[PDB]
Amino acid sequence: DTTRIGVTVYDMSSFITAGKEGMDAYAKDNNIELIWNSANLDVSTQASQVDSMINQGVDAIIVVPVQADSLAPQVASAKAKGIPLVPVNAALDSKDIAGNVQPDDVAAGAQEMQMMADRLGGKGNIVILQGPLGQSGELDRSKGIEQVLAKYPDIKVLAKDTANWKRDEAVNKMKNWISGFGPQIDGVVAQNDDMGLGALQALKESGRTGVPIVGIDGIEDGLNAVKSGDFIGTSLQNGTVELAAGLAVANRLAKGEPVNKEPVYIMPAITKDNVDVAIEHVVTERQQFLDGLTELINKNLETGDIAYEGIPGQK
């Protein structure tokens, strides 16, 4: 019979919106019904959504948490009712969950900042666009960015602020920074591609181009920016793969089947060197890719390498 898995995401970001197709594909191949909800970047709303899924007696719950330091009563309630609660993509600061399917966000932060350090030759002024404040990917990517910045004291941070993963909020923040700092800005380090693209749109609207921008995710428009040189690079977080892996882990936990409950998604570097294959998987041959996805996920669960999808460089 049908395994009902609740999924409550922080918001319908570009990453989550594209990723969900991977979840759908794995679910069709495994008779899983997804019970969906999005929490508007509101912790109390997400809490209520988890509570509702518990009351509905779903077989497992995936949470993509608004903030890391939250949801303790929902975590305990799920455990109390025997329902596996599995943070996927963003993390909770709790060990009372049933599984945990996460990217290495500290590593991705460091990787993006290292791309920017290389481009700049270790010197220059940057601004940093952050994810939602208190969300694990914001905290972790900040940590990784700061660990590289320590190694490059001639790189100076002019400002940093959140744009909540959103392109339109990033345009706004960048427009203000252009008015404040103008020609001092030598680079933009965006904690995701969407915010990088907003920064790009702001720069262009002010008549400035060729400013180095780096992002994380490799969404369609980010990959396109890498190809065209509007971005210096990105880090692939293919949500069709990572979210389907989280779904697979939750499904096996729901059914009492043996599984690695805590695989980690290592984001490969995307540059002009390998962007074409990423574009094939994510954009132009996406249906080919999805046709092989269930097999890929099932293998990757046993190797632990849940990011593997044959991007040149991966082994």
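Residue numbers run from 1 along the displayed sequence.
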Which is higher on average in the deposited entry, the C-alpha temperature factors of 243 to 251 or of 260 to 268? 260 to 268
Pick between 146 to 154 and 75 to 83: the one whose mean CA B-factor in the entry is higher. 146 to 154
Residue set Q130, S136, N100, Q184, per-entry CA B-factor max assigned to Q184
Just to confirm, going by the entry's C-alpha B-factors, which of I232, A190, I219, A91 comes out highest? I232
Compare the C-alpha B factor of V64 with those of the other modelled residues in its chain, then answer lowest, middle or highest third. lowest
In terms of the CA temperature factor given in the entry, to which third of its chain does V277 belong: lowest, middle or highest? highest
Should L203 be placed in the lowest, middle or highest third of its chain by the C-alpha B factor in the entry? highest
Based on the entry's values, in what third of the chain does the Cα temperature factor of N176 lie: lowest, middle or highest? highest
Please place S52 in the lowest, middle or highest third of its chain by C-alpha B factor as given in the entry. middle
